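A.B. asks: Sequence and experimental coordinates follow.
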Amino acid sequence: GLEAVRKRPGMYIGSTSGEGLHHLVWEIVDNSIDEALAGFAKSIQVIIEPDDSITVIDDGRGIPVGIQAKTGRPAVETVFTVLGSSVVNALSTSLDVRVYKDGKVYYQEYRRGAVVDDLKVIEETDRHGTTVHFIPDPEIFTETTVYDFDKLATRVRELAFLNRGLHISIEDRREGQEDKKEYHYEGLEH
Ligand SMILES: CNc1cc(F)cc2c1[nH]c1nc(Oc3cnc(C)nc3)nc(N3C[C@@H]4[C@H](N)C[C@]4(C)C3)c12
């Protein structure tokens, strides 16, 4: 399972250098992209947190939270624990997911890929979507755990263009360099 990912990360993310570090972002963002293609997500936020962790927020339907017959576990748990999203989980010190669905916020967290506790309703909400936050593991990313805002922004812009109509932003919250760029290419309303 994911134990193999932690021992051979090069086979799953291509490189454990800075390139692999950034690849984790795209693996998560690609899920939000898929939910935009499904027609439900309209906006995606990518945030570099002050500690070089990453938050990705979409306003889609939210990852399914029901128990799957095949696994006996909530669908959202399987997304992160069974071998892109599960690879990011495995290579992070911690990953937390919040699903905003049916007036509830469903929460689960993992540590170096391992489940902390069963999925739990933690809050009520009026919004919908999925928020994933992860802290890349320096035991894996031994060269660098520092994100490149311009590198992320460049690809986010490309992604906005390829997914015309999508709102996507990138934000840096790190000390002395706070920045944000927002992208949106218009559809037929142009
Ligand atoms: C930061 N965002 C983020 C991050 C993330 F890691 C996953 C999702 C994610 N956002 C997501 N939104 C949905 O939306 C749905 C809702 N309902 C259904 C039936 N399918 C997709 N599904 C999601 N998933 C992930 C798996 C495939 N892309 C389809 C899934 C089996 C379910 C995500």
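C.D. replies: Happy to help now that I have it. Numbering: from 1, shown residues only.
A.B. asks: going forward, measure contacts between C-alpha atoms and count neighbours the same way
C.D. replies: OK.
A.B. asks: For the ligand, tell me whether the lengthiest strand in the chain is touching it.
C.D. replies: Secondary structure of the chain per DSSP state E: the longest strand is strand 92-101. No: judged by CA under 6 Å from any ligand atom, strand 92-101 makes no contact with the ligand; its nearest approach is 7.9 Å.
A.B. asks: ok, now stretch 112-128?
C.D. replies: No: with CA under 6 Å from any ligand atom as the criterion, the ligand is not reached by stretch 112-128; the gap is at least 9.7 Å.
A.B. asks: tally of neighbours for residue 173?
C.D. replies: By the criterion of other CA atoms under 10 Å, residue 173 has 15 neighbours.
A.B. asks: Now do the contacts for residue 64.
C.D. replies: By CA atoms under 8 Å, 6 or more residues apart in numbering, the residues touching residue 64 are 74, 75, 76.
A.B. asks: Narrow these to those in helices?
C.D. replies: Counted as lying in helices by DSSP state H, out of the contacts of residue 64, are 75, 76.
A.B. asks: Now do the SS call for residue 144.
C.D. replies: At residue 144 the chain is in coil, as set by DSSP: H, G, I helix; E, B strand; the rest coil.
A.B. asks: Make sure it is actually in contact with residue 17.
C.D. replies: Yes: under the criterion of CA atoms under 8 Å, residue 144 makes contact with residue 17 at 6.6 Å.
A.B. asks: Quick check: buried residues in stretch 160-169?
C.D. replies: 160, 161, 163, 165, 166, 167, 168, 169 (16 or more other CA atoms under 10 Å).
A.B. asks: Most neighbours among the contacts of residue 64, please name it.
C.D. replies: That'd be residue 76 among these, by other CA under 10 Å, with 22 neighbours.
A.B. asks: if we can go back for a sec, name every strand pairing with the longest strand of the chain and say which way it goes.
C.D. replies: Sheet pairing for strand 92-101, assigned by DSSP bridges, gives strand 104-111 (antiparallel), strand 129-136 (antiparallel).
A.B. asks: From the contact counts, what lies against the longest helix that the chain contains?
C.D. replies: Longest helix in the chain by number of residues (criterion: DSSP H): helix 18-37. If you count contacts as 3 or more CA pairs under 8 Å, 6 or more residues apart in numbering; DSSP states H and E, helix 18-37 packs onto helix 10-13, strand 54-58, helix 85-90.
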